[PDB]
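Inspection log for the structure reproduced underneath, given as structure tokens.
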Amino acid sequence: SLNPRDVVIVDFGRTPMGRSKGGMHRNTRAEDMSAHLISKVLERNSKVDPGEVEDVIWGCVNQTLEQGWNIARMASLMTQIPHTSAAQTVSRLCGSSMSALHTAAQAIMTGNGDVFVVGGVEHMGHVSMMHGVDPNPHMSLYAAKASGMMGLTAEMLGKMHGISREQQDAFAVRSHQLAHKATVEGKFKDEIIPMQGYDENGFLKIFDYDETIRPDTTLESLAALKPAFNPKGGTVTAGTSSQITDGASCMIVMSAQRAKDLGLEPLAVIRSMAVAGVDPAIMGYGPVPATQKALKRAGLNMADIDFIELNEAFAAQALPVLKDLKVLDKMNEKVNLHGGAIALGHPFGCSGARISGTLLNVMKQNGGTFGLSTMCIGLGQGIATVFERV
Amino acid sequence: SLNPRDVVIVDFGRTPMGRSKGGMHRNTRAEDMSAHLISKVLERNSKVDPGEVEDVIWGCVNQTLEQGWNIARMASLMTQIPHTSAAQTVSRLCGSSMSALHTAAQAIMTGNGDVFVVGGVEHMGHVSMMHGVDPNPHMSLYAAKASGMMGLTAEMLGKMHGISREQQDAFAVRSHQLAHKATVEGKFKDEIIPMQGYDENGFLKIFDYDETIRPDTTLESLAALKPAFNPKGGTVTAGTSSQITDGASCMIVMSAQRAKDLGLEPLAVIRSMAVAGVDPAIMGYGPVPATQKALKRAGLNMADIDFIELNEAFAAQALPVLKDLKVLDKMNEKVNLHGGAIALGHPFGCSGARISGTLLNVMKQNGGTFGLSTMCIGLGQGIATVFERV
Amino acid sequence: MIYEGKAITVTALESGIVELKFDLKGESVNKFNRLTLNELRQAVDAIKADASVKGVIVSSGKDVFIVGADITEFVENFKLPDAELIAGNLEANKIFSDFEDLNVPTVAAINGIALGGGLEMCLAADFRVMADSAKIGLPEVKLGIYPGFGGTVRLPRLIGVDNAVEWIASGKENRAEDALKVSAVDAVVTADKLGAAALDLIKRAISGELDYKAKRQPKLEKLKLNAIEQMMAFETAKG
Ligand SMILES: CC(=O)SCCNC(=O)CCNC(=O)[C@H](O)C(C)(C)COP(=O)(O)OP(=O)(O)OC[C@H]1O[C@@H](n2cnc3c(N)ncnc32)[C@H](O)[C@@H]1OP(=O)(O)O
Ligand SMILES: CC(=O)SCCNC(=O)CCNC(=O)[C@H](O)C(C)(C)COP(=O)(O)OP(=O)(O)OC[C@H]1O[C@@H](n2cnc3c(N)ncnc32)[C@H](O)[C@@H]1OP(=O)(O)O
Ligand SMILES: CCCCCCCCOCCOCCOCCOCCOCCO
Ligand SMILES: [Hg+2]
Ligand SMILES: [Hg+2]
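Chains as they are written, first to last, in PDB author numbering: chain D, 2 to 391; chain C, 2 to 391; chain B, 1 to 239.
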């Protein structure tokens with residue numbers, strides 16, 4: 002059965018993904034976006050009392066301006082969550098959100114709280130990814146300065162595994178294709194929390210779909226794009242790279258015991274967690290070391306996993322990871338079935354929990370038992386989580 | 002005895018505290034300051050293999066510039082810690098460093114790593130506390146904008162508990178007095194990691210003491226100071242407020258099992274942890290709700306605690322907390338025996354683990370069995386940890 | 001004095017500390033021409049032979065620290081057959097290396113411009129204290145060449161591949177401020193305190209407060225970078 006202290010995911014909710022460049026969230030702050038989301042998710046789960054929330058752990062990377070000073074607490078204060086609850090912001094670059102979930106999970110397992118709210122956010126429109134970045138000169142004495150430029154790390158991982166321009170463009174076409182399909186078929190209806198935004202004309206209205214998706218993306222349209230990081234020989238382009246998006250993700254997590262008491266059916270249960278490091282230069286490879294450690298902790302083999310969510314940082318880093326994870330031939334059967342970051346965007350702080358949320362819904366919809374969410378992390382890291390639907 | 006998964010603190014190390022305004026660390030980056038410290042602490046504990054470090058959890062608040070993009074990983078990369086290890090940066094404002102410790106601890110308890118490096122940093126000289134701060138207008142709909150100004154919250158907590166100007170200045174005089182005494186008597190010799198810095202003339206040399214301490218601080222000199230936050234009626238001054246400092250703190254943490262194997266004597270063991278929230282306006286009161294929750298989890302009473310470390314944000318918030326914690330009359334016997342933030346400074350990211358480190362050494366030097374480190378957190382929170390010397 | 005030449009002098013100071021000063025008598029600047037290199041050889045051997053020496057401070061008596069030799073000698077030198085040119089440089093480098101291998105702490109007091117060979121001399125020391133008004137850099141690429149006196153060896157091991165490449169491939173002059181940030185230098189002070197700062201620093205090295213051996217070590221071994229990080233760094237640099 003489920004032990005009292007096992008970690009249960011009660012529900013998952015995310016905002017519609019908006020284009021940072023003039024998109025739907027252009028007039029919405031990161032704190033407000035986070036509060037609104039938290040508020041709505043808690044509203045759909047009326048049996049979970051906000052006062053019971055021990056901690057609000059939020060993932061966010063560029064913590065300055067709208068996102069500085071512990072945005073997790075700033076957002077909580079504008080929610081039905083009482084002042085008596087705590088809140089902390091976590092940063093592990095791309096994996097911030099997943100780390101948020103792990104910290105709450107671990108807190109639940111050790112008896113330091115029963116109910117938590119995790120998630121993350123990143124409004125790249127208001128706090129661009131290169132905003133306030135000050136390279137440390139001394140770093141060049143231990144690693145390559147170029148390792149800090151994600152695009153170049155994709156180029157390197159790609160050349161090293163021989164991922165062609167065609168292979169990358171194909172993955173991208175599939176991503177938009179599958180994201181659009183899922184949208185149209187209402188596969189994102191349960192996880193997407195409708196939200197107010199603005200259209201190109203500044204008109205106020207509600208959005209319940211991801212703007213980022215581009216259904217008109219074909220091999221032909223992508224072939225016309227030029228390399229984005231290596232003018233002479235590069236294969237990575239804007240079309241096969243994750244988008245600059247504005248978004249937030251959220252999850253209600255609690256001990257199994259509390260879930261039993263409240264009489265609510267778990268969306269899933271956590272079976273294992275893991276982080277790991279790799280060289281900064283090939284950060285995109287982070288998922289394989291992390292996934293291996295997590296699978297071992299879960300007592301499972303890659304084959305036991307029914308569905309996989311691998312963040313699509315770059316097709317150039319996703320494809321190699323899938324091959325080395327030994328599931329490339331199983332791609333269309335269990336990998337990013339509803340599209341990925343190339344079509345859905347990669348708002349740093351938000352992604353960790355986001356792909357995990359989408360995974361849970363993919364598992365629910367396709368009768369999966371075990372799921373794996375994993376992603377590469379800038380500056381050489383990988384993080385992974387194993388979920389079980391029981 | 003100690004269960005295999007109990008959390009052990011192998012060692013503690015901190016940098017000499019420097020004045021942010023033209024101080025010793027004026028030419029040292031936050032990442033380098035963090036790396037150097039981690040390197041030295043690992044060097045004193047040769048039996049702990051850097052390759053075994055699962056995660057480097059670092060606390061830091063204003064994460065932009067030198068402190069942005071997961072400074073925990075940036076610092077780790079310039080250490081003997083391998084690329085295979087992971088790293089994340091934690092933010093819970095003033096309590097960031099203590100949360101870092103809690104996360105690693107909880108990781109150890111659940112079998113998700115055996116050896117961790119925790120700590121934190123804040124270089125307020127390079128990243129001032131008000132740098133990149135963008136108040137959210139919508140916040141005023143739920144809380145008072147003034148709650149974001151720590152000084153005013155001190156004024157409010159003080160008026161509410163009737164803490165006089167005299168009582169506050171007295172605490173401050175005691176703080177410098179006790180910090181200086183501890184310095185002179187070499188009571189900080191074990192925890193302070195000597196480090197390179199610059200004097201007023203730019204001359205390079207090593208510092209092994211805290212510049213922040215001002216032995217010439219008397220009731221007379223403090224009485225001459227003017228209110229810093231409330232011109233007409235205020236009682237809080239710069240003399241009774243924590244200083245703007247540059248500093249880093251660090252700890253090596255690991256399962257008791259691993260400590261047993263490696264044959265190394267624990268500096269202390271964690272018995273309980275806890276965070277809690279209070280209204281933003283009286284954030285300084287955070288320690289009492291947190292300390293109560295932690296004491297209950299530790300199965301102890303405030304009386305069972307031999308030594309206490311309460312971060313000195315403002316004398317105005319420290320005194321009320323001590324009274325309501327019911328240990329004011331026990332102050333000179335067990336509270337901040339080696340001085341506090343008023344004399345040692347309060348580098349946000351670094352403080353949590355710092356006061357905890359100083360606590361352990363206070364306990365070791367005075368034969369204490371149980372210790373409590375706790376602090377208030379901006380925007381209404383409190384955090385606490387109970388340590389046991391066994 | 002310990003050594004008295006026409007370009008270099010080695011005068012004894014307090015506590016066994018010795019000062020090797022560059023002052024090319026009759027000329028407006030210091031530069032590594034044939035004469036100076038030969039005298040450095042002698043000054044080094046003199047110090048290497050004086051067992052009473054406890055530390056060395058390298059300074060300049062001119063407005064500049066040390067600049068490049070006359071373009072004229074560059075032209076001549078580059079006409080020589082590869083074997084001779086390389087043998088001549090091997091010999092020059094042997095001097096700087098010997099100064100670097102002194103079993104005593106060394107500090108370079110950069111009072112003014114230190115370009116090419118001048119900077120290379122500084123890189124050979126354990127510590128470098130620079131006046132906030134001075135400038136340093138390796139302009140070799142301007143002449144179609146690159147550092148020939150250990151510059152490509154020492155700079156990368158001192159400030160990191162990316163930064164060394166930036167300095168060498170551009171040959172730009174670097175201000176005190178920037179030199180400190182990349183750690184090409186260890187301290188920046190006003191012109192009036194240069195002497196005192198160098199004297200103060202040397203004493204801290206002698207007392208053991210500063211581990212001069214550990215500070216020197218990095219330029220006597222392989223880079224710290226991974227095979228992986230190396231590839232990333234060099235390939236992007238070339239690109
Ligand atoms: C570890 C991890 O998991 S995280 C990985 C981190 N990834 C990232 O940070 C993403 C990196 N991406 C970037 O930095 C930027 O998006 C860049 C550099 C790739 C592109 O930005 P810019 O330099 O501004 O160029 P630009 O935005 O114009 O490029 C987009 C162009 O491609 C076109 N394009 C993009 N995707 C598509 C597509 N699917 N189909 C057709 N055209 C497309 C756009 O129409 C646009 O062309 P336009 O200007 O004519 O409208
Ligand atoms: C929630 C938590 O855990 S922590 C809360 C965070 N803490 C804070 O926000 C307070 C931090 N302090 C500050 O921000 C600043 O010190 C302030 C705003 C209080 C005052 O700043 P300023 O207006 O610039 O005044 P300033 O800092 O220059 O100092 C005022 C004078 O008092 C003097 N002074 C300060 N402390 C002392 C002291 N202990 N004894 C004697 N003189 C003192 C200073 O030397 C200065 O005199 P000087 O100018 O001749 O040198
Ligand atoms: C950055 C280093 C610059 C080195 C360039 C050398 C040009 C400067 O001329 C100074 C001469 O000393 C350099 C050593 O010369 C090498 C060859 O020595 C043989 C000279 O042949 C003359 C025999 O009489
Ligand atoms: Hg990234
Ligand atoms: Hg604060």
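Note that CB positions come from ideal geometry on N, CA and C, so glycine has one too.
| query | result |
| --- | --- |
| Distance cut-off 6 Å: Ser-165 (chain C) Cβ against heavy atoms of ligand 1 | no |
| Backbone secondary structure at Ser-148 (chain C) - three-state DSSP | helix |
| Within 9 Å of chain B by C-beta, residues of the segment 280-292 of chain C in sequence order | none |
| Beta-carbon gap between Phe-117 (chain D) and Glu-212 (chain D) smaller than 7 Å | no |
| Cβ contact (3+ pairs, closer than 8 Å) linking the segment 308-322 of chain C and the segment 159-166 of chain C | yes |
| Limits of the unbroken alpha helix (DSSP H) element including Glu-73 (chain B) | 71-77 |
| Neighbourhood of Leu-205 (chain C) by C-beta, 7 Å cutoff - its chain only, sequence neighbours within 5 removed | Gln-197 and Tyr-199 |
| Limits of the unbroken alpha helix (DSSP H) element including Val-174 (chain D) | 166-185 |
| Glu-67 (chain C) beta carbon less than 7 Å from that of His-127 (chain C) | yes |
| Cβ shell of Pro-83 (chain C) (< 7 Å), same chain only, five flanking positions each side left out | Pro-51 and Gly-52 |
| Residue-level contact to chain D via CB, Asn-312 (chain C), 7 Å cutoff | no |
| Where the segment 63-80 of chain C meets chain B: residues whose CB sits under 8 Å from a CB there | none |
| Three-way DSSP call (helix, strand, coil) for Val-62 (chain D) in this model | coil |
| Whether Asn-312 (chain D) touches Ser-273 (chain D) by CB criterion (7 Å) | no |
| Bridge partner(s) assigned by DSSP for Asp-56 (chain C) | C:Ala-87 and C:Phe-117 |
| CB-CB length for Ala-155 (chain C) against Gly-340 (chain C), believed under 8 Å | Not quite, the Cβ-Cβ distance comes to about 19 Å (not below 8 Å), so this is no contact. |
| Proximity winner among B:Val-189, B:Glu-166 and B:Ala-12, relative to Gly-55 (chain B) (alpha-carbon distances) | B:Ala-12 |
| Members of the segment 137-169 of chain D that neighbour chain C once the beta carbon cut-off is set at 7 Å | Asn-137, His-139, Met-140, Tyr-143 and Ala-144 |
| Neighbouring residues, chain C, relative to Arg-27 (chain D) (Cβ below 7 Å) | Here the premise fails: no neighbours, minimum Cβ distance about 16 Å. |
| Chain B contact residues for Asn-231 (chain D), given Cβ-Cβ distances below 8 Å | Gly-239 |
| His-124 (chain D) (DSSP reduced to helix, strand or coil) | strand |
| Length of the line joining the Cα atoms of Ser-47 (chain C) and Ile-253 (chain C) | 12 Å |
| Ligand 2 heavy atom lying under 6 Å from the CB of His-162 (chain C) | no |
| Coil, strand or helix - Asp-200 (chain B) by DSSP | helix |
| Candidates C:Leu-153, C:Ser-374, C:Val-134 and C:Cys-251, of which the one nearest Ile-193 (chain C) by Cα | C:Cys-251 |
| Beta-ladder partner(s) of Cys-95 (chain D), from DSSP | D:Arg-93 |
| Neighbour flag for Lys-135 (chain B) against chain D, beta carbons, 7 Å | no |
| Three-way DSSP call (helix, strand, coil) for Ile-39 (chain D) in this model | helix |
| Closer than 6 Å: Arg-154 (chain B) CB and nearest ligand 3 heavy atom | no |
| Nearest candidate by alpha-carbon position, reference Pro-228 (chain D), set D:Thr-241, D:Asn-63, D:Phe-388 and D:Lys-365 | D:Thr-241 |
| Near ligand 4: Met-284 (chain D) beta-carbon under 6 Å from a heavy atom | no |
| Sequence-distant residues of its chain with Cβ nearer than 6 Å to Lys-21 (chain B) (five each side left out) | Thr-9, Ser-59 and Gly-61 |
| Any non-hydrogen atom of ligand 4 within 6 Å of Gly-379 (chain D) CB | yes |
| DSSP state of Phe-149 (chain B) mapped onto helix, strand, coil | coil |
| Where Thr-241 (chain D) sits in the DSSP three-state scheme | helix |
| heavy atom of ligand 3 below 6 Å from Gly-96 (chain D) C-beta | no |
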